[PDB]
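Below you'll find only one chain, the form deposited in one PDB entry, shown as structure tokens.
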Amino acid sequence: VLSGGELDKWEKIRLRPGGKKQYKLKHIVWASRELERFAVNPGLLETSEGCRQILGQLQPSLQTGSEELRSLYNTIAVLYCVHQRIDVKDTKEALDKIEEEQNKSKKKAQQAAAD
């Protein structure tokens, strides 16, 4: 899933914005076997675009989603930023970074639109 080097980046990211706990290889194994459970292809965790796709399939369920699902989604958000080379200090910065990413492109959509 992660290059050693992505792993090194991963293992410094904190689970919560000021927390002492950090992401670990066990969180990737979990996320992979979780996706397996929900019949999503865990091989997808190995590229940015994979992760982008998974997040899109899970995005809709977020609202009514239990914290086991939100926990899965967020793990994959952090992974995505890691594959993307987007520097984050914790999970929330991951999610913000992804959002302000979408919001930028969806403007360029509106803006490419009137051409």
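Numbering starts at 1 and runs along the sequence shown.
Comparing 103 to 111 with 88 to 96, the stretch with the higher mean C-alpha B-factor in the PDB entry is 103 to 111. Just going by the entry, 30 to 38 versus 74 to 82 on mean CA temperature factor gives the higher value to 30 to 38.
In the PDB entry, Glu68 places in the lowest third of its chain by CA B-factor. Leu44: CA B factor lies in the middle third for its chain, per the PDB record. In this PDB entry, the Cα temperature factor of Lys12 sits in the middle third of its chain's modelled residues.
This protein has a second form, the form solved in complex with a partner chain, left out of what is shown; the following refers to that one.
Residue contact with its partner chain in the deposited complex: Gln84 places no heavy atom within 4.5 Å of it. Contact check for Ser71: a heavy atom falls within 4.5 Å of its partner chain in the deposited complex. Residue contact check for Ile98: none of its heavy atoms lie within 4.5 Å of its partner chain in the deposited complex.
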